[PDB]
Amino acid sequence: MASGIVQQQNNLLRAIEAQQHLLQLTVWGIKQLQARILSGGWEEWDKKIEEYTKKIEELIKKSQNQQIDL
Amino acid sequence: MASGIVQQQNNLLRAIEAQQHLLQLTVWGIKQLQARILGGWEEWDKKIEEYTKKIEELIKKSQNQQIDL
Amino acid sequence: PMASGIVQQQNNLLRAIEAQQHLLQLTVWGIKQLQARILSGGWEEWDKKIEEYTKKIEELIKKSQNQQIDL
């Protein structure tokens with residue numbers, strides 16, 4: 001039971017990690033399309049993207065560190 | 001250590017919350033680019049809202065139960 | 001801290017991840033639709049990598065489902 005729960009936590013984190021890598025790709029796609037515009041809130045959007053990207057990366061790192069905190 | 005397992009459940013949830021914020025930022029980005037146009041987009045709005053409502057419900061459920069732990 | 005409580009919540013986290021995955025696939029649809037308007041380069045490789053990780057997380061989701069049943 002205890003090992004199964006831990007194993008499930010490990011599985012969930014990996015799904016989250018894979019979700020994030022999948023998020024990184026979607027962000028690239030939007031920024032690539034936005035770069036075509038030569039002629040509106042993107043500068044604030046850019047900062048929020050950087051904001052939550054870092055926050056997620058820390059939470060993933062924190063989750064990884066928790067695996068050895070027993 | 002069952003003090004870490006509760007903590008790890010909290011960590012995953014927070015990561016999920018933050019990834020939901022990032023997802024919503026991507027939705028805004030798509031809608032911005034889409035607004036520069038002029039099928040699908042009306043239905044796309046409906047399904048974006050639908051699953052956003054579904055995620056927000058599951059997060060609330062997970063948050064409350066995180067406290068019961 | 002009942003073990004059934006953690007297991008219960010792990011089910012929700014999994015359901016949340018599954019729902020967020022469906023939301024993400026809806027965003028991929030939106031991007032590809034806008035990208036299709038380009039007639040002028042990363043996008044062929046972008047498709048390959050969206051494809052690669054979509055399958056990868058789906059494996060992890062399926063693996064999480066079968067673990068959830070073993071709990």
Side-chain angles (χ1 to χ4, degrees), chain A residues 15-62, chain B residues 13-60, chain C residues 16-58 61:
Chain A
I16 291 176
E17 289 168 351
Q19 192 85 259
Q20 188 58 27
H21 204 283
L22 206 53
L23 273 176
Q24 294 171 350
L25 284 176
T26 57
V27 171
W28 181 91
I30 303 177
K31 289 184 178 180
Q32 193 70 15
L33 289 170
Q34 193 274 336
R36 303 183 65 248
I37 311 175
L38 308 177
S39 93
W42 289 102
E43 208 172 10
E44 229 147 34
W45 178 80
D46 268 21
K47 132 259 182 180
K48 292 171 185 171
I49 292 297
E50 185 187 21
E51 171 171 342
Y52 276 100
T53 300
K54 288 175 184 168
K55 180 176 179 178
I56 293 170
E57 214 55 63
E58 291 185 350
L59 288 170
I60 294 177
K61 177 59 180 178
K62 189 178 184 183
Chain B
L13 172 62
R14 283 177 171 174
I16 292 180
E17 293 178 7
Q19 285 180 322
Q20 178 61 19
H21 275 301
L22 185 57
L23 265 169
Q24 206 63 48
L25 290 174
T26 59
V27 172
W28 184 88
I30 298 172
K31 289 183 176 179
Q32 279 295 308
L33 291 169
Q34 188 222 333
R36 301 181 57 86
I37 310 181
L38 307 191
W41 286 114
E42 175 181 335
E43 182 64 25
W44 183 81
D45 274 324
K46 173 171 162 294
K47 286 299 179 177
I48 286 298
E49 165 67 49
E50 175 182 320
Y51 279 91
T52 301
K53 185 165 176 287
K54 185 174 187 174
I55 293 163
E56 287 168 352
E57 282 182 321
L58 289 163
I59 292 181
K60 179 177 183 296
Chain C
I17 291 168
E18 290 170 345
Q20 289 190 329
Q21 169 64 14
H22 203 301
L23 184 69
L24 205 155
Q25 288 304 134
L26 288 176
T27 59
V28 170
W29 184 94
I31 299 177
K32 287 185 173 180
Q33 191 63 36
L34 298 170
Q35 176 266 324
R37 300 171 155 274
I38 305 176
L39 307 174
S40 296
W43 287 108
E44 178 184 323
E45 180 68 12
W46 187 78
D47 282 15
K48 281 187 178 182
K49 287 302 175 177
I50 285 296
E51 182 186 37
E52 202 177 83
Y53 277 85
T54 300
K55 296 176 183 176
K56 188 176 184 181
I57 184 183
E58 208 74 351
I61 289 178

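Numbered from 1 within each chain, the chains take letters A, B, ... in sequence-line order.
For the residue pair A:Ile49 and A:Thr53, the shortest heavy atom distance occurs at O-OG1, 2.5 Å. In this structure, A:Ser39 and B:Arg36 approach most closely via the heavy-atom pair OG-NH2, 3.6 Å. Taking every heavy atom of both residues into account, A:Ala18 and C:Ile57 meet most closely at CB-CB, 4.0 Å. The two atoms that bring B:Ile16 and C:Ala16 nearest to each other are CG2-CB, 4.3 Å, heavy atoms only. Taking all atoms of both residues into account, the shortest heavy-atom contact from B:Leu25 to A:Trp45 is O-NE1, 2.6 Å. Across B:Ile30 and C:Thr27, no two heavy atoms sit closer than the pair CD1-O, 3.4 Å.
Rounding to the nearest 0.5 angstrom, the gap separating the CD atom in B:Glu42 from the NZ atom in B:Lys47 is 13.0 Å. Taking CG from C:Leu24 and CG from B:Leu23, the interatomic distance works out to 5.0 Å, rounded to the nearest 0.5 Å. Here the CG-CZ distance, from C:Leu34 to A:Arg36, works out to 9.5 Å after rounding to the nearest 0.5 Å. Summarising the geometry, atom CD belonging to B:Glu17 is positioned 9.0 Å from atom CG belonging to A:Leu59; distances are rounded to the nearest 0.5 Å.
Note: B:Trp28 and A:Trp42 have perpendicular aromatic rings, judged against thresholds of 30 and 60 degrees for the angle between ring planes.
Salt bridge status for B:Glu50 with B:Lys53: absent, with no side-chain N to carboxylate O gap under 4.0 Å. We find that B:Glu43 and B:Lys46 are joined by a salt bridge, their nearest charged nitrogen and carboxylate oxygen being less than 4.0 Å apart.
Within 6.0 Å of NZ on A:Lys61 lie no more than 12 heavy atoms contributed by other residues, nucleotides or ligands.
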Kindly indicate, with the supporting measurements, whether the criterion side chain to side chain contact (heavy atoms under 4.5 Å, CB included) is fulfilled by C:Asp47 and C:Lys32. CA-CA 9 Å; C:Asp47 282 15; C:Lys32 287 185 173 180; 3.8 Å; yes
Going through the checks in order, is the side chain to side chain contact (heavy atoms under 4.5 Å, CB included) test met by A:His21 and A:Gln24? CA-CA 5 Å; A:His21 204 283; A:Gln24 294 171 350; 3.8 Å; yes
Could you walk me through whether B:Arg14 and A:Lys62 pass side chain to side chain contact (heavy atoms under 4.5 Å, CB included), step by step? CA-CA 10 Å; B:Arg14 283 177 171 174; A:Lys62 189 178 184 183; 3.7 Å; yes
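Looking only at atom types and distance, the side chain of C:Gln20 has a donor-acceptor partner in the side chain of B:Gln20 under 3.5 Å away.
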